[PDB]
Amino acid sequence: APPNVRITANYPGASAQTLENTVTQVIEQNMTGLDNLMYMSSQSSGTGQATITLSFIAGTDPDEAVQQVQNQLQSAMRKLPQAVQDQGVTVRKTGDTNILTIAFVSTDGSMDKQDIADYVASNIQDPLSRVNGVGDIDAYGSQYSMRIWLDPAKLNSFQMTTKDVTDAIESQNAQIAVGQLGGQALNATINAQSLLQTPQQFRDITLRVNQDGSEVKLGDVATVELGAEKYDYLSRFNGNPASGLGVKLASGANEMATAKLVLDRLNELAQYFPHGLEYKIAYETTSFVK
């Protein structure tokens, strides 16, 4: 059980070449001096999403490894493109990386962007998560951000730590992805599977039980607002209606074993696509530097 810090930035409209030089290369260079650090992997997808997963020595405090990095990111935010800052960089405790991005296209035009987006959610996402070796699967047309801002003054009063706040939301085992915006603010990713999908649900959870016995809920210390973001790069592929998904790989799993496993499973599903609906696959290679 090692620690792994994953960074996530997004610059919509940027080529893979654009993304790396302006973001990925810059962020890497701001991870200059770290302790317990081993090596750092990064990739720059044509999606417009940068990701620089970090890796530390065995016996490292993950939450403190994470807390440590955020402040080098504090210095890094300065240098990134305006819109990348506006988008928000997400720091998450995971060792998974994107390896495949699949676009589902309507050759006819008999299915609009949101029709296709739904079919992916219902039929495709779930059976591929069952594939041995899959860390996570993101149906972009079925996902969105929950921006959770935090009052300084409040957080000061409780003597609470943000680490607890993170785990408090992961404790319910809702199939959600919990990250942290560097620069306070937090950001969660919601799927179609998630147990909590609305801010009411987010506000109505208990982070901590006090010594006086009262319940502490998010809305008292955190302001929960929806984050308007476009998670899918695709409304059209080759001028044809399309929606896509990202395929993250589990930490220990072998890429190629799983890569075949999902695609062969995918081509098992591909036999019964509605007429017109095809798919286009792009492999997402990942750089390695130490």
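The numbering used is simple: start at 1 and walk along the sequence shown.
Undergrad: Would you class the number of unmodelled deposited residues between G183 and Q184 as none, 1 to 3, 4 to 9, or 10 or more?
TA: Missing residues, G183 to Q184: 4 to 9.
Undergrad: Please compare 152-160 with 191-199 and say which has the higher mean C-alpha temperature factor in the record.
TA: Of 191-199 and 152-160, the stretch with the higher C-alpha B-factor average is 152-160.
Undergrad: Once you work out the mean C-alpha B-factor for both 204-212 and 137-145 from the entry, which is higher?
TA: Mean CA B-factor is higher for 204-212.
Undergrad: According to the Cα B-factor stored in this entry, which of the following is highest: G88, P81, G95, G109?
TA: Largest recorded C-alpha B-factor: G109.
Undergrad: Among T101, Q175, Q114, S122, where is the Cα temperature factor highest, going by the PDB entry?
TA: By C-alpha B-factor in the record, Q175 ranks first.
Undergrad: Grab the CA temperature factor for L37 from the record and place it in the lowest, middle or highest third of its chain.
TA: Its C-alpha B-factor belongs to the highest third of this chain's values.
Undergrad: Can you work out whether the C-alpha temperature factor of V5 puts it in the lowest, middle or highest third of the chain?
TA: Middle third, going by the recorded CA B-factors of the chain.
Undergrad: By the recorded C-alpha temperature factor, relative to the other modelled residues in its chain, which third is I57 in?
TA: Highest third - that is where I57 ends up once the chain's C-alpha B-factors are sorted.
Undergrad: Could you look up the Cα B-factor of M77 in the entry and say which third of the chain it sits in: lowest, middle or highest?
TA: For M77, whose C-alpha B-factor we compare with every modelled residue in the chain, the answer is the highest third.
Undergrad: Taking the entry's C-alpha B-factors for this chain, is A250 in the lowest, middle or highest third?
TA: Ranked within chain, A250 CA B lands in the lowest tercile.
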